[PDB]
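Chemist: just coords:
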Ligand SMILES: [Cl-]
């Protein structure tokens, strides 16, 4: 199909699926997403990561930062320091099939995930 | 209202105000919401695997392991263990959103105990 992956993460797109055509995964979880959800997720994550990369330049030592960005149906929560960041994602439920979910990628793995998203 | 049970590495939550996705199951890095039909089957599948493992477990010597897989749509569950414990991989098929989740050794026993006692 169309697959990008590495230690602790994966992104898979399957065009034969008329609805849940994208899969995102971490080390112990994976969830399917519809085209709308996927589009908004990439937008949110790219913005939050861009915000983090710019602001991390003023962090002294092991000073931490927490950033959140919400764009329905997603709430993205970033926690990091000048050396890395983790990301918790809360997907609010919608309609009959779009169950809610909460997922998380740890420090360092996040950079690999956003690079994959960015290329897609 | 809400009934929640939680411990290191897991949680289960029932929210009586939700019309559809009224149950949440969680691991350390993930959570997914479930509808009542999915919850009922999940518990029956896990209880069936857990009981079978408990029997097999008394013939397991040293490092001897067992793998038990059970599919009862929409769930496919895979139990891997030895005489000291077991982990559990769950695949939830999509046409509700698909997902895959995992609980490690020792955590599984607590999850099972919570499943068995949700209403006491
Ligand atoms: Cl609902």
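Modeler: Everything's here; your move. Numbers count the residues shown, from 1 in each chain, chains lettered A, B, ... in the order given.

Chemist: CA only for contacts and neighbour counts going forward, please
Modeler: Noted.

Chemist: in chain A, which residue sits closest to chain B?
Modeler: residue A:97 (3.8 Å; CA to the nearest CA).

Chemist: mind listing what residue A:10 touches?
Modeler: Residue A:10 makes contact with A:3-4, A:23-26, A:113, according to CA atoms under 8 Å, 6 or more residues apart in numbering or on different chains.

Chemist: who's it bridged to?
Modeler: residue A:5, residue A:25 (DSSP bridges).

Chemist: need phi/psi at the residue of chain A closest to chain B.
Modeler: phi -110, psi -20 (degrees, to the nearest 10).

Chemist: now residue A:52: phi and psi?
Modeler: Here is the backbone geometry of residue A:52 (degrees, to the nearest 10): phi -60, psi -50.

Chemist: that one - how many residues pack around it?
Modeler: Neighbours of residue A:52 under the rule other CA atoms under 10 Å in any protein chain shown: 21.

Chemist: that one - nearest residue in space that isn't next to it in sequence?
Modeler: Distance criterion CA to CA, 6 or more residues apart in numbering or on different chains; nearest residue to residue A:52, sequence neighbours excluded, is residue A:67 at 7.7 Å.

Chemist: what kind of secondary structure is the one you found in?
Modeler: What DSSP: H, G, I helix; E, B strand; the rest coil gives for residue A:67 is strand.

Chemist: that one and residue A:78 touch, don't they?
Modeler: Yes: taking CA atoms under 8 Å as the definition, residue A:67 is a contact partner of residue A:78 at 5.1 Å.

Chemist: quick check: neighbours shared by the two?
Modeler: By CA under 8 Å, 6+ apart, residue A:67 and residue A:78 have these common neighbours: residue A:48.

Chemist: for chain A, what lies in contact range of chain B?
Modeler: A:20, A:28-33, A:93, A:96-105 (CA under 8 Å from any CA of the partner chain).

Chemist: list the ones among those that fall in strands.
Modeler: Counting by DSSP state E, the residues of chain A next to chain B place A:29-33, A:101-105 in strands.

Chemist: among these, which one sits closest to residue B:59?
Modeler: Within those, proximity to residue B:59 (CA to CA) peaks at residue A:29, which comes in at 31.6 Å.

Chemist: can you map out the helices along chain A?
Modeler: A:35-55, A:109-119 (DSSP state H).

Chemist: which residues touch residue A:75?
Modeler: Going by CA under 8 Å, 6+ apart, residue A:75 touches A:68-69, A:89-91.

Chemist: redo the residues you listed as a markdown table? Include neighbour count and distance to the ion.
Modeler: Formatted as a markdown table, the contacts of residue A:75 follow (neighbours: other CA atoms under 10 Å in any protein chain shown; distance: CA to the ion, whole Å):
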| residue | neighbour count | distance to the ion |
| --- | --- | --- |
| A:68 | 14 | 24 |
| A:69 | 15 | 23 |
| A:89 | 21 | 19 |
| A:90 | 20 | 15 |
| A:91 | 21 | 13 |
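
Chemist: mind putting those into JSON lines with distance to residue A:12?
Modeler: Converted to JSON lines, the contacts of residue A:75 look like this (distance: CA to CA, whole Å):
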{"residue": "A:68", "distance to residue A:12": "26"}
{"residue": "A:69", "distance to residue A:12": "24"}
{"residue": "A:89", "distance to residue A:12": "18"}
{"residue": "A:90", "distance to residue A:12": "20"}
{"residue": "A:91", "distance to residue A:12": "18"}
